[PDB]
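A lone chain, given as structure tokens: the form deposited in one PDB entry.
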């Protein structure tokens, strides 16, 4: 199903792996998806998070606080966590229900808050972005693009 991801959504997922690698992490978790959505910096997900005051630095600090880094950066393919897998599966249905045949950055973000339980969700709540508020912000920005 990655073939239905937009270019930018694929770049998100590719960057999430490197977010994990550069923290000396050995799985790609939901929090690395969150880092990648913000760090890629152009799509509706990034805009939605910026517009709620969720910054790359705030997320990095919470990931250091909650997870911490390993001793060494791994080479080769880093596997998705169970919850990251769930997020990416959910993203497909967020896209279809919003009337899209491709999975964009916003649908990954929506999948992440739909999953609602892993490290990224914990970080968003800690930083003051309640999951319903995040969802409604995405809907609000998408509605503005219908003009």
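Numbering follows the first chain given and starts at 1. So that the term is clear: the rigid core is the largest set of C-alpha atoms that superpose within 1.5 Å between two forms.
Unshown form deposited in another entry; subsequent notes refer to it.
With the core superposed, residue 138 shows a C-alpha displacement of at least 2 Å between this form and the one not shown.
Once both forms are fitted on their core, the CA shift for residue 86 between this form and the one not shown remains under 2 Å. One change in the other entry concerns residue 53 and residue 36, whose Cα atoms lie at least 3 Å farther apart than in this form. Between residue 24 and residue 53, the C-alpha separation grows by 3 Å or more in the other entry, relative to the conformation displayed.
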